[PDB]
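Here are the chains, one letter per residue:
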Amino acid sequence: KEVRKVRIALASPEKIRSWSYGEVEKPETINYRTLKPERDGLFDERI
Amino acid sequence: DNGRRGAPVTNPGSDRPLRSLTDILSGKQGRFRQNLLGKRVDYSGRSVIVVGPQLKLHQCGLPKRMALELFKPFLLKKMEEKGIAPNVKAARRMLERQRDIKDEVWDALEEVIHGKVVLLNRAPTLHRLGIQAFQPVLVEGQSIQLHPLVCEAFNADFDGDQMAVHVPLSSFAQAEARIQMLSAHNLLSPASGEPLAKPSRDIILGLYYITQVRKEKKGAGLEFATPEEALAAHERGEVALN
Amino acid sequence: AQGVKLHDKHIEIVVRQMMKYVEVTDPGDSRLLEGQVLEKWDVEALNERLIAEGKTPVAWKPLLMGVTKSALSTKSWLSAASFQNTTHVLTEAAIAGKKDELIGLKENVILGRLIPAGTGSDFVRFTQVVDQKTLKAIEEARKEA
Amino acid sequence: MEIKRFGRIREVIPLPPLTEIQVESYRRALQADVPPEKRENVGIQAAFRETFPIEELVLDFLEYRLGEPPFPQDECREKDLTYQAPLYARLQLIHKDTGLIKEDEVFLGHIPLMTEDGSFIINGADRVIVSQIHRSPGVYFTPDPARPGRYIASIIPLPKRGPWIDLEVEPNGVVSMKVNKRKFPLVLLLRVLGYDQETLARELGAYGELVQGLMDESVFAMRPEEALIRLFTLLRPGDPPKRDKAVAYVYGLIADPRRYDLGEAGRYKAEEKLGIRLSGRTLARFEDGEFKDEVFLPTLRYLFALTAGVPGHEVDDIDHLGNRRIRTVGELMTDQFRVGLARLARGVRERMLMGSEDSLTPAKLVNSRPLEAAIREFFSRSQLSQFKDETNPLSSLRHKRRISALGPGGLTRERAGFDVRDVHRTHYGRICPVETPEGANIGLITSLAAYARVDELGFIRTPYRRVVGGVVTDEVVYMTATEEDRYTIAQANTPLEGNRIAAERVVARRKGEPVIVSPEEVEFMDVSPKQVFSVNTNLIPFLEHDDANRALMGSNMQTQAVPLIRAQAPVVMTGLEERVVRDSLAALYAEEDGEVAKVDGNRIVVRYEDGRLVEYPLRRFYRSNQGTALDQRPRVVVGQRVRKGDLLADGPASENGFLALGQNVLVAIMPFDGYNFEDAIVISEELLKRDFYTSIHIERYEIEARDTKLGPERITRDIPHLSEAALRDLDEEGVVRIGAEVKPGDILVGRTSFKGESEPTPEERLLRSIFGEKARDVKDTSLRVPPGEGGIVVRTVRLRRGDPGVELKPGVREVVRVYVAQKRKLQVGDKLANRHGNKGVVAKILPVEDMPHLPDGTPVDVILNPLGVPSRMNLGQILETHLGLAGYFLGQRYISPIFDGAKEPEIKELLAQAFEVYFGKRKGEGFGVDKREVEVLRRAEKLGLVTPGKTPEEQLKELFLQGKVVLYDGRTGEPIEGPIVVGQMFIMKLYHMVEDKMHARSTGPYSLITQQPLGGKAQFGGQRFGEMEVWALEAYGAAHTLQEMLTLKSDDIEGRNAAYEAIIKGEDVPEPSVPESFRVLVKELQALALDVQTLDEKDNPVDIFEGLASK
Amino acid sequence: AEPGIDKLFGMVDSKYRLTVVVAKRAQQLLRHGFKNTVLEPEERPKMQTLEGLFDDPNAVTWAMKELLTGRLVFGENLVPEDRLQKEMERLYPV
Amino acid sequence: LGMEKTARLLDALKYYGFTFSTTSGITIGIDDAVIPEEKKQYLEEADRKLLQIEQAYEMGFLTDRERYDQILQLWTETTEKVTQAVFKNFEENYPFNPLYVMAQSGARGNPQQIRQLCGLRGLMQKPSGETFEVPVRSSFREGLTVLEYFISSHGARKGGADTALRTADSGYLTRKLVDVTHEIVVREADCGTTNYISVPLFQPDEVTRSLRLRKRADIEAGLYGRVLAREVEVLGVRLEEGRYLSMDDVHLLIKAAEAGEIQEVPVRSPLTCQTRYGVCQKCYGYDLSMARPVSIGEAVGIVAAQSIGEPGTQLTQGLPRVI
RNA sequence: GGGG
DNA sequence: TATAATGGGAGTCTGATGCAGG
DNA sequence: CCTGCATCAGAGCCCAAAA
Ligand SMILES: Nc1nc2c(ncn2[C@@H]2O[C@H](COP(=O)(O)OP(=O)(O)OP(=O)(O)O)[C@@H](O)[C@H]2O)c(=O)[nH]1
Ligand SMILES: [Mg+2]
Ligand SMILES: [Mg+2]
Ligand SMILES: [Zn+2]
């Protein structure tokens, strides 16, 4: 189907959670030795 | 929104406020005015402009080295149709090194650009004529050649100005450019309705010089009854021709 | 005075946008509030539905606003949010649950769409070309059961 | 050839050392050549004396010393090292509790040293520190714009050394004080100083209603201690007003000679303005337990006396160059030094609390990291520390004398308005009125005037000759702006007989205002016209004939002249071009008298009278910051007898010691077939043939081989899947051989890098299996040649780890540098200009047979369109050509000084003498007047150019005195229908050359977040098609062209991949899809907790992520 | 100037409608390899190579020339769009 | 003849124009800036007048304000006088002089620039805005004095800074205009409105306290290319409802007005158009670049913003009044 | 800072 | 993982609009 | 009711941009 309109509206905390693929539990970014992402951190591939 | 309320959060040992979500969306550098209402584009180039008196109003000088890059995908396809390379991948490998470019490749590019137009733009683009379409004429050399009559709409000099080139890709773009955007199809100002491409500078200078008439002081308004008397008076050198 | 020939035609286009809006003096029998600001078109459109519904129509006032304020008030929130005052525009839009109908140029530019002007206008957009050979060829097979 | 100098002005003093503003400022700050006990308290010394002693325990400062540089200047530039000296400081530790004294000399890091010519070397690159103009500290009184009869007194100290103060007098009648933008009644502060109602009444009172309006009873109802506590609660709400805490805050803000610094200039301006004498640089004191006022009461006293209209009280003009001072290199560096020293003190006081109050020496107590970072921060990143402009020797000389009003402690771009950008009357003789940037920075950045020097306080001074009676002495007095306004100053060109003023009426100035005055009233006189203009402006001959807007372009562009291999000095000079080469330090001179023993391409050895055989090595083909070649050439021969100060080698862009920014060419002023249109220039192919306007340029290429987690990058000659044709010019190790021609695409340094987990996809696995070649462990990362670049490889430097003297940044095994040179012939699109501001690009190169030529067969060099002259009003170029015509035939060059120059009659005498050689040769050679010369003469008498009734020789000479000659068109052979102006002009080849600027891209690199093409030629970027460009496409209604710009040619990923595939297959490009930078916009609004929904006509959601983001 | 551009603006109610007819026509020609053209062999636009004369590859030039002849019919709702595509691919293959 | 031929005409005018300019023998030498004999006379006249105003000051007849004001007026008139002298001397005694030829034909130059070459430089301005009483008597041909040069530098710098700060104000202005009008497009042929606007051909004049004809170019700017709202008969010509006014039609209406037949013209205008989200063909009028009715779909709002914004650069109230 |  | 230690250091100018105040 | 008065959000384009 073709895009005819763009609406913008407030997002409930339920909906904010409706988008989310996981909770970021740690301030960690990536592992200092392997350089791969830290599990449950900001770059985690599981999320 | 960082800095909105209270002290802006900074990285340690720097005065630079960190760039928050609000700063990314808004402002001159923001998402809207940088990447959304305008963009950097492919199939474009830029160089110094030089005057090209010999061009017709619908033409521009385009350096061959610039044209080879802008039309590179077209040049690859055409190089296979004739025969300079076995396939598209090998043809590209040949253009990579400048000494691997043979002379038949230049003839190949000429076939490609036939009838197509390119866009010339010079900043600042103040009205719709800051961009016009021209059919390119390949030239040796590193300079763009610009037609004299269009310098006014562009506010172009040859004091070192540069212009940008763009290649409309599709049949649709090319049509819009050749009909709507061609320099020769826009001769009058959309603002005043008066002529825009019009004589100026040397052109005016030459035409005024040949159409001005001499007025000489030697004769100084004498009366002569018969015209044959007058020619005689001029023959004596008493009265000037004009 | 500066020696610039310019057609009034253009200045009138802008001034027309300056007068685009009105302020309600009495709602009569409508949902509007006294002092509410709205486009002159929308209240004229509303008033023929009221005068055709018989209830007393909305009383309105001419309103003159400069180009900046006028620009910020257009119904399209993508136009306004890309201009200026981005947060303010966007917060009021998100609250209202605003819908951008993609009427103007900037909205469509942002989405990368084919703008509603030139070759993109709906007037010229759908025009077809066919050669007389193909026109008659298609025509003969279909003129039957 | 002979050099004929005009002008009657005898300049009593030469130009000062031109880079002295740099050299003298820094030498004064470091005082490295002064013995420590004899140092005055200034610069570095003053910073130490200010920060120490450090209280708790007491650490006291003894003295500092500067070592010698670890590496010489040349070596530093090579290795990307900073040219600097080790700094040590002797400190004695005292225990305020015990008596213990431990003393040691602690190492504080390195300080960068200035070279002889006034520049720096910071990480291998030569840099300049630009002086900063700003408001002088002191006490100023300006009118309050709101109330037309009241005034504000503002006390402004040196930058970052205290708050700004405003003393507005409020509508209620009480005198208010403004500090840190907060206001309160000033009476309260007066009581803290220990003032009583009597002192204020008796001192001031004379102003009936004003002094009584300051009086507030509630404030007097408390001794000086209670009033101090009361004020503190106003300035710091919520902080408990403890008596030691309040004293500390107010002391540090007002009386502390550490946290509050008026200038040394501030002290003088304050003492002079208010008629008081200051004991120090602070507004008040802490003495005998209470506060004692210094400034505040005299400042209040002057304000009331001014409001009342008392004689001797005036408002101050804040743009006057007496109230505006310059902050030079030493001062800028010292400010950053002072900050770094105070930070180190924080470390000292904090360490005097933790870890045992006894077992500490000064060496363990001091961490120098804060000091080193502050100095390194200033030199590597301040916005007054700039990459040196060394395009040609004049470029750097001008750079060092620039004055900026921008930078850390000055105006911003968005923060700046008209008063500051104006040319003030006091700029006369001090700041050049011409040399300023055109555009946004106009008036903020300027150039030091030629005869000006900056005094010890920081005010610019200019020389004038004393005039006693009517006799002009030779004693010269350097004056500040404030002191200059007292006297009556006659113009420099006023007629003189001997030492006597010879005119009955003289042209003079009183406070910048021009006035006619009798010789009895003349107190001083200008030294020279040269003192009013910058160094670049002084290089423009016939400047008195050029409109200022164009003269500006002449000045600025000489900075941009590229050094030419055949460079020559102009045939018409101003007489400064000799001094500029000498002060620049580009050339080379003999130290003492002597005889030249040896002369080489690489070196010159001179035997002096002393007997010492001093050897001067010559810098040959060194690459400047802008890539122009700085190279010195020998000017003497073996055995030549030289005196002290005679030339040994010529530097770049200098010829026999005169500044050579260009070449002298024979020019014809006339339209040529539209190749002249709108400033373009037509040139003769004869110029390239004889290598005029050819310049050498070097570009630097660099590559590192580093350790990775996947294995080492290696620089090797073995590169996967490349033919021997491709590797031919590479040596054994993978480096290109010195003396090879390299063109775009060619390998400069071969390098391999280990392949990522992209370890070849199964598609590649099967292909590789077919050919029976194992997929290699390493991929070809070799350094190559960018599009459009290339040349001859002239040098290679290779630096590894584990070689003597070299350690790279962590992880880096080796660094290779390749220097590639090119000889650039003039070509179509390169840019030329003369010294009067005529500038244009070369649009046509005609073969010599097409060039217009003189009757005797000589073709002209340049054809300039006359349409450039009349609107521009730069006529100096016209007079320059005429005197240039005479000089072409007489074989001479001239010195015509500015404003005291060759005038029209004198040039006419010279032009007539030339005609004899241009014509008399012919009459003797057995040729008479030409047929075509008569036809032109016919046309000329209709124009009133020649007088009717004279022989052809008489008429041709009449034209030659108007600077016009007969010119034959090489195409037709027929004459130009009129006589044409022809002569010798000095024209330079500027730094803007098409080879550098031509760029184009089909597809290329994209940005990380936006996926749009990158910017700039070096990244192979795309052009920016911006907001205004979209409007252009919109107004034309070209929607599909516009949509292409917004999608397939930028960030629409599916579309751009698909579009390329179509062009190489011969299909048409597909209709575009959603641009990726819009998807970024959507997700960024979601990060702001806003729901952005694309909808169809039925109001149902449309998924633009094609299922990828939904669970 | 494009040849006979003034006559082309004559044929349309809106200049932008001219651009669409031309653009769409050029796409018809490219997809079908020019063999649906209404031009005759001597009216074919030619291109001078180093070898010699060949057919003008630029279909947009072709479309304007074709339009000038009068043999093309332009308007709205002339034929369902999909059905046109099949009849043209039937008469002049790809 | 139309566009295609006009392109050919333009290229032809281009071709021959260049060729003749080269062989014509146009040049500029220093002697081509001709100081008129009238200059010395006009300067002598100016000094006796200035001396007379000084007598009225130190004798207390006129104020400091009055004296300064009178001096500026005297020197303004002397400037004008010397210009006419430059151009009269050129026309009568040297009509093919290069400076003269370039200025008169419009190739380059204007009277005031030529006056600075051959005349006096004239009055220069102080850093504030008030003018120096002492003028620069020299011309670029004669050459200036360092003091004359310095006095002149002040105005140069102020001009340069003014222009720099103006392009930003103009630039910003243009961006506002595009944003307020961007949605406006010609969306249909006729909205059907019965409304219109009456363009006045006469402005009430204050000096005559009655009426005078508006200036030509002004009327052209209000009339050319507009559709007539009602029929208009003047001088026996029928201008019908719905007719686009040709430039000739406009000249006819001006002539009828000079003859007292018509004082104002009913005309369709975008102010009164009823089209939603844009205008219609009739209320817009000609597409001025093609000198013919605008095509439906032309993005007219953008063209209005660009037409208004582009001149912003060159405006000396000035641009602040427009904003 | 530099180009239009 | 145990003497006792108890409150911080630091920097222009325009026009539009929503607010505590004679 | 009206007016001072602050807090905020604006201040041209493209290219080198020498980190
Ligand atoms: N917007 C903008 N334009 C610039 C800038 N720098 C240079 N320009 C261009 O510089 C050009 C100046 O051209 P001029 O040579 O002064 O044009 P002119 O009116 O003919 O003046 P003369 O040539 O002396 O007669 C303008 O067309 C501008 O577009 C800039 O920073 N911003
Ligand atoms: Mg220019
Ligand atoms: Mg120009
Ligand atoms: Zn309408």
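The coordinates are above.
Asks: I tried to follow the overall build of chain F on my own but got confused; where do I start?
Replies: Scanning chain F from N- to C-terminus turns up 11 helices and 10 strands. The C-alpha radius of gyration of chain F comes to 27 Å, more than 25% above the 20 Å expected for a compact globule of 323 residues. C-alpha atoms of chain F, sized along the principal axes, occupy 75 × 60 × 45 Å. Expressed as a percentage of its 323 residues, the buried residues of chain F come to 54%. Carbon together with sulfur atoms contributes 50% to the accessible area of chain F, which is approximately 14300 Å² in total. Computing the positive centroid from 38 side-chain charges and the negative centroid from 44, chain F places the two 4 Å apart.

Asks: Just to check I follow, could you spell out the nonpolar core for this structure?
Replies: Across soluble globular proteins, nonpolar side chains show a tendency to be buried alongside one another. Within the largest apolar cluster, 166 residues are counted, with the highest numbers of intra-cluster contacts made by B:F71, B:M79, B:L146 and B:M181. Those residues within four positions of B:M79 in sequence are excluded, and the remaining contacts are B:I84, B:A85, B:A91, B:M94, B:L95, B:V105 and B:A108. D:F889, D:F960, F:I30 and F:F132 belong to the second largest nonpolar core, which has 104 residues in total.

Asks: What am I meant to see in the protein's contact with DNA strand H here?
Replies: Around DNA strand H, the neighbouring residues are C:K69, D:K160, D:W164, D:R236, D:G238, D:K245, D:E414 and D:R415. Backbone atoms, meaning sugar plus phosphate, form 42% of the atoms of DNA strand H positioned within 4 Å of the protein. A distance of 3.0 Å separates a base oxygen of DNA strand H from a polar backbone atom of D:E414.

Asks: What is the right way to read the arrangement of the chains from this model?
Replies: Pairwise contact counts over the 12 pairs of chains in contact peak for chains B and D. Separated in space, chain A and chain B share no contact, their closest pair of C-alpha atoms being 15 Å apart. Regarding chain A and chain F, which are not in contact, the minimum distance between any of their C-alpha atoms is 16 Å.

Asks: Looking at this structure, how should I read the protein's contact with DNA strand I?
Replies: Around DNA strand I, the surrounding shell holds 25 residues, and the nearest of these are B:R40, C:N85, D:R127, D:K1017 and D:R1024. In DNA strand I, the atoms that sit within 4 Å of the protein are 81% sugar and phosphate, with bases accounting for the remainder. Take C:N85: an N or O atom from its main chain is 2.8 Å from a phosphate oxygen of DNA strand I. D:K1017 places a polar main-chain atom, nitrogen or oxygen, 2.5 Å from a phosphate oxygen of DNA strand I. Secondary-structure elements contributing two or more residues to the surface near DNA strand I are β54 (1023-1025) of chain D together with α6 (146-181) of chain F. Residue contributions to the surface near DNA strand I peak at 4 residues, all from α6(F). Of the residues that constitute the surface near DNA strand I, the class distribution is 6 nonpolar, 8 polar and 11 charged.

Asks: What's the story with the coordination of the zinc ion (ligand 4) in this structure? I'm lost.
Replies: A four-donor tetrahedral metal ideally has 109.5 degree angles, and a six-donor octahedral metal ideally has angles of 90 or 180 degrees. Residues and elements named next belong to chain F. The zinc ion (ligand 4) binds to the protein through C191 (SG), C273 (SG), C280 (SG) and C283 (SG), with metal-donor distances spanning 2.3 to 2.7 Å. Around the zinc ion (ligand 4) sit 4 donor atoms; with metal-centred angles ranging over 87 to 139 degrees, the donor geometry is irregular. Of note, the donors binding the zinc ion (ligand 4) are all from one chain and are spaced C-x81-C-x6-C-x2-C. With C191 in the loop between β1 (185-188) and β2 (197-200) and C273 in the loop between β7 (264-267) and β8 (278-280), the pair connects residues that are 82 residues apart, well separated along the chain. For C273, a relative accessible area of 7% puts it in the buried group.

Asks: Could you clarify how one ought to interpret the sheet that holds strand β31 (residues 615-617) of chain D in this entry?
Replies: Two strands in a sheet stick together by hydrogen bonds in their backbones, pointing the same way (parallel) or opposite ways (antiparallel). Residue and element names in this part refer to chain D. Taken together, the 4 strands give an open sheet; going across it, the order is β31-β30-β29-β35, and neighbouring strands pair in antiparallel fashion. Lying at the two open borders of the sheet, with one neighbouring strand each, are β31 and β35 (641-642). With 3 bridges joining them, strand β30 (residues 603-608) and β31 adopt antiparallel strand pairing. Bridge assignment links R603 to a residue of β31, and that residue is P617.

Asks: Would you take a moment to explain the packing of aromatic side chains for this structure?
Replies: By convention here, two paired aromatic rings are described through the distance between centres and the angle between planes. Following the criterion strictly, the structure yields 32 aromatic pairs over all chains and no others. Considering the side-chain rings of F:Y15 and F:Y16, the 5.2 Å spacing of their centres and the 90 degrees angle between planes classify their relative orientation as edge-to-face. Linked through ring pairs, D:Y888, D:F889, D:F915, D:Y918, D:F919 and D:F960 together constitute an aromatic cluster. The ring of F:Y172 has F:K176 lying over it, and the distance from NZ or CZ to the ring centre is 4.3 Å.

Asks: Which parts of the structure should I look at to understand a nonpolar patch on the surface?
Replies: Nonpolar side chains collect at one region of the surface, where A:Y21, A:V24, A:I30, A:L35, A:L42, A:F43 and A:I47 lie side by side and expose about 640 Å² of accessible area between them. Here A:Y21 is to be found in the segment after α1 (13-19).

Asks: Can you help me understand the sheet that holds strand β41 (residues 695-706) of chain D in this one?
Replies: All names here are of chain D. Reading across from one edge, β41-β46-β45-β42 is the order of the 4 strands in this open sheet, with antiparallel pairing throughout. Edge positions in the open sheet fall to β41 and β42 (741-742), since each of these has one partner strand only. Looking at chain direction, β42 and strand β45 (residues 791-800) are connected through 2 bridges and run antiparallel. Pairing of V742 across the sheet is with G791, part of β45.

Asks: What is the right way to look at the pattern of salt bridges in this model?
Replies: Pairing is possible between side chains of opposite charge, provided their charged atoms come close. Tallying each qualifying case throughout the model produces 159 salt bridges over all chains. Where C:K5 meets B:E194, a salt bridge forms, and the shortest distance between an N and an O atom there is 2.8 Å. With C:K5 in the segment before α1 (8-18) and B:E194 in the loop between α8 (171-181) and α9 (202-211), the pair connects residues from two separate chains. For the salt bridge of D:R623 with D:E699, the shortest nitrogen-to-oxygen distance reads 3.6 Å. Taken together, the positions of D:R623 in strand β32 (residues 622-623) and D:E699 in strand β41 put the pair 76 residues apart, joining distant regions of the chain. According to the relative accessible area criterion, D:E699 is partly exposed, its value standing at 40%. Each of D:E50, D:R161, D:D261, D:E264, D:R281, D:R327, D:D335 and D:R338 takes part in one network of salt bridges that share partners.

Criteria and cut-off values
- Residues numbered from 1 in each chain as written, not as in the entry; some residues may be left out.
- Chains lettered and ligands numbered in written order.
- Part of a larger assembly, values for the part shown.
- Heavy atoms only, no water.
- Residues with missing side-chain atoms left out of burial classes, pairs and counts.
- Helix = DSSP H or I, 4+ residues; strand = E, 2+ residues; numbered from the N terminus.
- Rg over C-alpha atoms; globule rule 2.2 N^0.38 Å.
- Buried < 20%, exposed > 50% of the residue type's maximum accessible area, 1.4 Å probe, protein only.
- Areas by Shrake-Rupley, 256 points an atom, 1.4 Å probe, with all protein chains shown as cover.
- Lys, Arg positive; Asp, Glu negative; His and termini not counted.
- Charge placed at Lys NZ, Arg CZ, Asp CG, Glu CD.
- Core = buried A, V, L, I, M, F, W, Y, C linked by side-chain atoms within 4.5 Å.
- Contact = heavy atoms within 4.5 Å.
- Near = heavy atom within 4 Å.
- Polar contact = N/O pair within 3.5 Å; in protein donor to acceptor, adjacent residues only side chain to side chain.
- Nonpolar A, V, L, I, M, F, W, Y, C, P; charged D, E, K, R; others polar.
- Donors = N, O, S within 2.8 Å, 3.2 Å for Na, K, Ca; no water.
- Tetrahedral: all angles 85-135°; square planar, octahedral: opposite > 155°, others 65-115°.
- Pairing = 2+ DSSP bridges.
- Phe/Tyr/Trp six-rings, centres within 6.5 Å; stacked < 30°, edge-to-face > 60°.
- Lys NZ or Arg CZ within 6 Å of the ring centre and 35° of its normal.
- Patch = residues over 30% accessible without salt bridge, like charges linked within 9 Å, V, L, I, M, F, W, Y side chains within 5 Å.
- Salt bridge = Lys/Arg side-chain N within 4 Å of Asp/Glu carboxyl O.

Coordinates in, geometry out; function isn't part of it.
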